[PDB]
Amino acid sequence: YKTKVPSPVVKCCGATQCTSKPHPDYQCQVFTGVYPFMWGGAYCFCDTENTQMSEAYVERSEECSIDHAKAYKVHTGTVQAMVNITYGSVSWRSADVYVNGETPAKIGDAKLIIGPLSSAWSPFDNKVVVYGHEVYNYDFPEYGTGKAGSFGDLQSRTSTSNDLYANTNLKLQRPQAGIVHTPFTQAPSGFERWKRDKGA
Amino acid sequence: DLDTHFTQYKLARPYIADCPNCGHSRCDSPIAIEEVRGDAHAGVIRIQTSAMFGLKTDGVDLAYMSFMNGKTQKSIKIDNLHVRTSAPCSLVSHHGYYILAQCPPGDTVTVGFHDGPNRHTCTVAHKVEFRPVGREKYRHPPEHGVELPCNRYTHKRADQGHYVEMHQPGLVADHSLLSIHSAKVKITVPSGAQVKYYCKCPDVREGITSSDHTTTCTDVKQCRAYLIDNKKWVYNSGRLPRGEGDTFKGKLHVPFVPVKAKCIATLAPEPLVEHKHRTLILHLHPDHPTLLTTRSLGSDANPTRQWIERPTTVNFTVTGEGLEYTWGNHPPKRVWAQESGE
Amino acid sequence: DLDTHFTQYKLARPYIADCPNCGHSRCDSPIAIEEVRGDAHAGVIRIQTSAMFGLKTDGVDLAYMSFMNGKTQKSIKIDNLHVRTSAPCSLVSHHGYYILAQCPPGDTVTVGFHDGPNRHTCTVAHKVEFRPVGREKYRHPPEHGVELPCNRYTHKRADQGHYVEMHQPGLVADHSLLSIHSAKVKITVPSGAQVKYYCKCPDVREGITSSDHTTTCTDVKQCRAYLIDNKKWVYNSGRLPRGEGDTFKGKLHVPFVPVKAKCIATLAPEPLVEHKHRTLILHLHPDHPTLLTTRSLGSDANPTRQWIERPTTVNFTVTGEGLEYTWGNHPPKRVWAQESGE
Amino acid sequence: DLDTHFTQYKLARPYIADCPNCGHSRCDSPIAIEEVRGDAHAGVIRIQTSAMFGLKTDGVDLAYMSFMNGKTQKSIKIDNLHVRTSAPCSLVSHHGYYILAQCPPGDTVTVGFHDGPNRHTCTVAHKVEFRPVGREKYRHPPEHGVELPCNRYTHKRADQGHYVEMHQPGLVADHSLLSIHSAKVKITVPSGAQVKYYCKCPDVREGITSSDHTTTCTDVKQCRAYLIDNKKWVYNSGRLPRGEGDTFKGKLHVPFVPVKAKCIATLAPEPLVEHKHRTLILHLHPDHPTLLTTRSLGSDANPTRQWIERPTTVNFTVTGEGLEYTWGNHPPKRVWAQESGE
């Protein structure tokens, strides 16, 4: 994730009710009882009616585009090969072929039909996570569900997808002792772990 | 072409926020550190100060230095920047509010320049590490070794891969304004800026004015010293008070995108291969903790994983068809162990 | 009111003692560090230099700087103080011989100002830590969390809660005195101070004088260059030679009393409560090592304790009557687990 | 007598090599660090910069500073040297290419001065530790304790105990030479130095000349900008290109020999001896990890070893004839345990 906090509201004398904006995991909680020191000491002249509305939503990191795990539901598909035959006196063909037992590949001069192979062990499991080059046959929980801290706390369909699922357990707390800031209490990602408490 | 991101430069100002342990304690530093990102691999962190260094107020020289002093900027030279952590970091580049710097690991992050009269630093908590990409768990990038696809931030500015919202500032306090008109509390204005004013007593209730007086109240400590000065937008820090009026425009890029650089990267010393009957003894002796692992290529995989930092003679029951062997990010080996028992 | 502790100021001088690893090795620094106290919680250490910074020699400005150079003081500006440890500390306040400074943990303590021509520092061993008060074992105070009763030293000086004995100095060496009277070794005096003198040979045997000569001996290296200069008392450092005459007066306060401040303090992230049949599964995920513990409220207590820093799903066989649960210094929870097995 | 090692001074130059993580990345710093030696005990490391600080180019003042800027030296003041590691080190002394500095432990080593316009540092990986000699495993030398035979480097220069080969430099690149003669690429010379020249095209093929032109090629990027400038030898760094001609002379000493200094050294707090029947209970409480060990003086030795850092009440079945006891480098004790069971 990146808790890209929108800048909180500070009403000086009285309440500012928050609304549940549609941002992913839009955590927002009104707070009173502040006295926000901002560059001149405090600035709101009340002392309890000083209101502070903190809001924070979850958003894809900039690394999400590039450094990102990637789940998959994996079926069986169809296997391939760049079969060389330095045939007979032909002495050469290096052709890409299939396995399904009626496909020819007339590259060179020979027509060749391969498979289907009997050894249907797809080393990929049904559910797979993928990361850069290291591929993990992991039972990823699902889109839309991943427990915060666990893998897939952020779950975006793709990189472009503005919608997502962010169970991060993002819980705002009130800022301390009349100062402007935004306590965001949050699990570091299940993408942070899964990079150093992962599987092989 | 340092003149291609006047999106930020002209239109954004050096924001000032509340640093958490600003030398003594919580000050309000212009270089207040938000969004520490020790998430790459190359010894690098991308940081945002609330201060917008780069060009000056107007038009010149990335390598100058504009923070906020007063309500005002101070667009001057960068002379003695210091990012640091457990050790002093190395700057990489600055653009906008944002700096990239090569740091070691550190429990915290600790930033600061030197204006010249004062140290005037800012410091923050953030868990930092630098694993290099590879099965070697170094603490630091070497001079040599294989290159392989790390995650890392750029040197450059000509960058659009993302953009963060940067709309207006809210007001700010400035009780330097609220002087006294020899019996009454006297507000003034920066340059005709919009000062939002009233006191606990009943007097002028909005304040959109030049320098006003205050008929009713007298004490400076019961009045609204405010600066609606939204001629330049800001970063939308959590340590910003909202500009209550509107979501003004000011969508503004990020320079330091995470990119797929191939870091100059790790390599673990070669193994000592030793033969036995369908068995690899391997006296082994790394530089750093190295994740070794294998794959007995039977349909029985029987793999193994163990980080090795302490030199260790290990063993591997190799089968008839083969095994493979991965001494860190050194490439994977392979081995025929047919018979040797005659 | 910086003018309420002329007990120390007028009457105490900046003492000079033997620093143990004074940059190179054992020098005699005026800022020789004794009584390091990393015994509070708030990132703070109270230190005593043998140097008495604060007001000047006479009457003004706590923020000036009087150490001993020569037999003499040098009551000038504090410009570039540096306390430090594993990292550079943060000064909190100075009063008298004594400084309070916010430090991180460190195996040692390492102090030093900059006179301007020279670094002139002093360093020492002392085991330092900062546990915050709470069942969270942080390494550093956060910005937020609950407040609770820590132990900590004050900012202030108007302080009498304790006082340490501060009687006279003993003599000190000063062989700058023992010049040569063109064949004889020649002692002088600071200002009419009391110079205690004789040589290995037989000549003047006490020395309570103005500038004397030496009839008998010749070599500077066999004579008593002493300064009984007890116009200003000192701290009773272990690195002081006794003033053999008497226990003179000079009972003198300590500024930095340990007080019952409520530190801005720790807080561990909330737990994930999960139900089972008379059993709390708790997937748990802290920031720092957190001492969790419980009390099965039967007359069978059956408590549990474990510091948790690694995130861990735990379990608790809750009974019929109840259990309580203490996620760090977060307040204690309580739970009805009657049946759930239908 | 700073004038006894003109072996190096007159005849060696400040070499420049390729620093590995020179702030940003691999630069070519004159202070390029080779041969880090964290092999002594006294908190000290002997380092070689490729830069030869010490006297100037000609004859004066060890405490000045000559590195290479350009093809040229810059023999000026040392003002703001910084060796550092995990923490900032303390300089001990420099002589020639070589500096001794008191450092703490550190995963790396990180060196750098300040010319004045620029930081201009150099950094390197090297595993550093400082065990003091003794059965106490401190992290740092104390002020007190017993003295015992450590290994350590000298302060001094009047040193011949070893000498390293220091023959010539090879050539170096300098494309500042290869200017343009308004259509042709134009080489020049430093002072009549020997410039080794040709381009990918066919033109002058050796180059032992004053300022030549280039008839054939035009592009600066396809020519041999070389400086055979072997008027002053160098250190034989691995980051040197060979001077292909010959093994010239220039055998040159090392200042900082490892010597058998008795470090001011460790000492562990005394034990609490407690009697039992042929048994030593010992409540024990060290400062640091202390290797305790014993020798039951029977021909049955039955010794024991255990590093103790955590305070521990231990036990020792003492026999009739005796046992001995070694609380760290505190001297060995001995004990009669005859009967006590009456």
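Residues displayed in chain A correspond, in order, to Swiss-Prot positions 852-1051.
Determination method: electron microscopy, 5.2 Å.
Here the Cβ of each residue, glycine as well, is placed from N, Cα and C on the backbone.
The disulfide bond annotation in Swiss-Prot covers A:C863-A:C895 (among others). For A:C863 (disulfide bond), the Cβ neighbour count at a 10 Å cut-off comes to 21, with all displayed protein chains included. In this structure, A:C863 (disulfide bond) belongs to neither helix nor strand by DSSP; it is coil.
The Cβ of A:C897 (disulfide bond) lies under 8 Å from the Cβ of A:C863, A:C864, each on the same chain and at least six residues away in sequence. A:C897 (disulfide bond) falls outside any helix or strand according to DSSP and counts as coil. Among the features that Swiss-Prot reports, disulfide bond is placed at A:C864-A:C897 (among others).
Shown in sequence order, A:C879, A:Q880, A:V881, A:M904, A:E906 are the residues of the chain, 6+ apart in sequence, with a C-beta less than 8 angstroms from the C-beta of A:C869 (disulfide bond). For A:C869-A:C879 (among others), the entry in Swiss-Prot reads disulfide bond, with the evidence type similarity to another entry.
According to Swiss-Prot, the region 'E1 fusion peptide loop' annotation covers A:885-902, on the basis of similarity to another entry.
For A:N935 (N-linked glycosylation site), the same-chain residues 6+ apart in sequence whose C-beta sits under 8 angstroms from its C-beta are A:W943, A:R944, A:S945. Per Swiss-Prot, N-linked glycosylation site is recorded for A:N935.
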Neighbour-count leader, CB within 10 A, disulfide-bonded residues: A:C864, A:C879, A:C895: A:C895
